[PDB]
Amino acid sequence: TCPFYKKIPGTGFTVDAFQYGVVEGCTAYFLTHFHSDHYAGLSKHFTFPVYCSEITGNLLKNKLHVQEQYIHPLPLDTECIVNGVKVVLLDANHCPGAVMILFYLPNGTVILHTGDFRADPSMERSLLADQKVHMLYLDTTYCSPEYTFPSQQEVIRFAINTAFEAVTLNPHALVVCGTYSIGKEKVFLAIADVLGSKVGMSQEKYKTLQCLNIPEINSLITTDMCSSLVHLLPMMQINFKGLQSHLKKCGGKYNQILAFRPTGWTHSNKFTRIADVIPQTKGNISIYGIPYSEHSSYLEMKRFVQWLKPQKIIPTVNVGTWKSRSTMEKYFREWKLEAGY
Ligand code: NI
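In terms of the UniProt record's numbering, the sequence shown is residues 700 to 1040.
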């Protein structure tokens, strides 16, 4: 049974609610982004209308084989009418194709559902600037002040400088980057660009990237592993054992691996600056954990909410424990008292 925080009151709509069977009263199922915890339940046998971005709709058709007649892609930043209700999709600054959804209820209530997002001051000049929001369904993934991490630009500067140094010192070093979902493509694309290489990967990953409308992508990626010195591997293979095994397969072309694991936050963030990050090393293999987040830091979240000034907040992440819920509610009240709404 579908939880209340996935239902939009006063509509026939649900958000990211595909694992509950037929939801009573639902006339349109919205999907914010193509990550498995959110699409869980969709397949080629789904026969209700799904509303989403163009990029999410490419992934649904080619990866999950959802039939075309049930995919309803909407343009961003554009007022659309769905089953009698005005909606707008906004870029969520999450993974490719990820959106926030603005619903303009027939009774005058305005609701923002962030989906998964990384709050940014650029959102303060979207279509959100133009009207009041009563209810905010908020991605609270890192809603506590211990969650700090650098900008995505600082992290990519670290990665490019580390990779270029290593490979210039040793032209026989291979770079490997871990992946297990869409998102974070700038890590491997920025490293391959500085090295003058295409990124090499499996046919299944190539297929996924071909759905993302990234400009000039045919120039940047390939399935010919032998032609590339930046390889993508599943995140589970980014360990000394899996990397040793991969280096064997490359036929003595390479004699060293430098590997990256883009994580979100890890507790080494509460002590160490990005500049001071060091790898774990075993022989000719080094592994860097880099804090490349596609979710809001605590401070980014707080700034967004204090600007938007919603009347009510409904968290969508960390809702399963009383301790988490009580923590989050305490911060929402602080933010409101400090800002004066
Ligand atoms: Ni996500």
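The C-beta atom is built at its ideal place from N, Cα and C for all residues, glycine as well.
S880 places its beta carbon 8 Å or farther from that of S995. One Cα belongs to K1022, the other to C794, and the distance between them is close to 29 Å. Burial state of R817 is buried, judged by a 10 Å Cβ sphere holding 16 or more other Cβ atoms.
The region 979-991 makes no contact with the region 1002-1019; the number of CB pairs closer than 8 Å stays below 3. The Cβ atoms of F733 and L773 lie no closer than 8 Å to each other. Taken through DSSP and simplified to helix, strand or coil, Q1010 comes out as coil.
Collapsing the DSSP output to three states places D975 in a helix. Proximity annotation: ligand 1 has residues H734, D815 in chain order, each selected because its CB is closer than 5 Å to a heavy atom of the ligand.
Under DSSP, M799 takes part in a beta bridge, and its partners are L789. Between the region 926-938 and the region 847-854, the count of Cβ pairs shorter than 8 Å is below three; the stretches do not touch. Taking 3 residues as the minimum length, the beta strand (DSSP E) runs contained wholly in the region 911-988 are 929-933, 955-962, 979-981, in order along the chain. In the DSSP assignment, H737 falls within the unbroken alpha helix (DSSP H) covering 735-738.
Taking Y841 as the centre and dropping the five residues before and after it, the same chain places the C-beta of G963, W964, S992, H994, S995, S996, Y997, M1000 closer than 8 Å to its C-beta, in chain order.
Taking every protein chain shown into account, the CB of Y738 has 16 or more other CB atoms within 10 angstroms, so this residue is buried.
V854 and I920 have their C-alpha atoms spaced approximately 22 Å apart. Exclusion of the five residues before and after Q830 leaves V809 as the residues of its chain whose Cβ lies within less than 8 Å of its Cβ.
Taking the Cα positions, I890 is about 28 Å away from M822. The three-state reading of DSSP puts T813 in coil, since its state is none of H, G, I, E or B. Short of 6 Å from the beta carbon of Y1040, and not among the five residues preceding or following it, lie these beta carbons of its own chain, in chain order: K1008.
Per the coordinates, the alpha-carbon of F970 lies some 12 Å from the alpha-carbon of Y846. When DSSP states are grouped into helix, strand and coil, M834 belongs to the strand group. Counting only unbroken stretches of 4 or more residues, the alpha helix (DSSP H) elements lying wholly within the region 721-765 are 735-738, 753-761, in sequence order. When the alpha-carbon of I780 is set against those of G756, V798, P805, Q768, the nearest one is in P805.
Taking 8 Å as the cut-off, the beta carbon of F863 is found no closer than this to the beta carbon of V886. Residue range 872-878 is occupied by the beta strand (DSSP E) that includes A872.
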